[PDB]
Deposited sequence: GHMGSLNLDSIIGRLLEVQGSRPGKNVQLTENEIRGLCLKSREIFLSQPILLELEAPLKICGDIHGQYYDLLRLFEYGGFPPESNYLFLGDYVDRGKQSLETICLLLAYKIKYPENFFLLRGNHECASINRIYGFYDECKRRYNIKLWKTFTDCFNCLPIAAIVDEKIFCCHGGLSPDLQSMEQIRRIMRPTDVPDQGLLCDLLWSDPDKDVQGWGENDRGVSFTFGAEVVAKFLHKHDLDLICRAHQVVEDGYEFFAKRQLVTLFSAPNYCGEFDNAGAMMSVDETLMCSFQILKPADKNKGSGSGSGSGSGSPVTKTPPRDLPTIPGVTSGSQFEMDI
């Protein structure tokens, strides 16, 4: 397993200049994938978590930002953590990021949780960096191994039966939570349907009801849809990610939905800051901001 050895090496670059890589062995990574995969399937696809807890958004391979995320929020098991997906792609150190998160999940399965983002899908990360990073620093067989692990990540989490958490947002097909729980793993993320929307959909102020999403997949939803959703299921907040917000956090539909993003200066093309959410035993919510055609005969 080498779990303590793996984590120690991953944290050894804390004080180095950012960009320095940590090269784990192929077998160690495969161990982390095969064992985290085992835990993911032993736990419900729809998580039921209890406070205290800290909620974080996209990372996208910005490994050192994840460290400062842990440094200020408290390394595990000092604090319980729930991530909303998008750990890989668009960054130069996705492998370090996902390994550290998977290691903590194996080490602290009941106090550390990871949700599936739209980039934890083979059809997407094959294009936006993770496959290339696996090919360069390992073999593509390792990328297939990450796919089998990602296909078993949980989709959504409900905190204290009152806060609903997922990467993307709501779906017009979502009537009861049993529709989520019936989803069987391992599964790819289809181009359409409930699972797709949970990982892709966005809130939009200018939309009444449902609307088409500029990403070319899934939909956009307005404030009324949020309020009705919370009313019908006796919830009071939707916590999600998947959109860059300049202040690391951003509310929507009064205080009924919040967007979290934990990758400062997203892929070096934004000014945005990162942020996280802390929920205590009394369900108090606070914000910590991480501000910087051919032929041939044979």
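Gaps without C-alpha coordinates occur at 1 to 5, 298 to 334, with positions taken along the deposited sequence from 1.
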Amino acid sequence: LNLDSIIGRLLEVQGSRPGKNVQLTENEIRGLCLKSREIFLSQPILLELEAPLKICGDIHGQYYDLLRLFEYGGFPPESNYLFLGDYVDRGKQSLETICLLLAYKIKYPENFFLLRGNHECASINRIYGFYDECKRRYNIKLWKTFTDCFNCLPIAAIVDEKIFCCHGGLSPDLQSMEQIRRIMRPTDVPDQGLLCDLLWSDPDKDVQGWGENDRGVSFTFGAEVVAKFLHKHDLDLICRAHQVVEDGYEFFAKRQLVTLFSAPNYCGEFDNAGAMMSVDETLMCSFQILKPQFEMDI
From here on, numbers count along this sequence of modelled residues.
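Annotation for 130 to 138 versus 174 to 182: the higher mean temperature factor (C-alpha) is found in 174 to 182. Between 263 to 271 and 56 to 64, the higher mean Cα B-factor belongs to 263 to 271.
Ranking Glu96, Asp86, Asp148, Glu161 by the C-alpha B-factor listed in the PDB entry places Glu161 at the top. When the C-alpha B-factors of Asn80, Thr187, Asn118, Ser218 are read from the PDB record, the largest value belongs to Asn80. For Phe40, the recorded CA temperature factor ranks within the lowest third of the chain's modelled residues. For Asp197, the recorded CA temperature factor ranks within the lowest third of the chain's modelled residues.
Among all modelled residues in its chain, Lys105 ranks in the lowest third by Cα B-factor. Ranked against the other modelled residues of its chain, the C-alpha B-factor of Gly74 as given in the entry falls in the highest third. For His167, the recorded CA temperature factor ranks within the lowest third of the chain's modelled residues.
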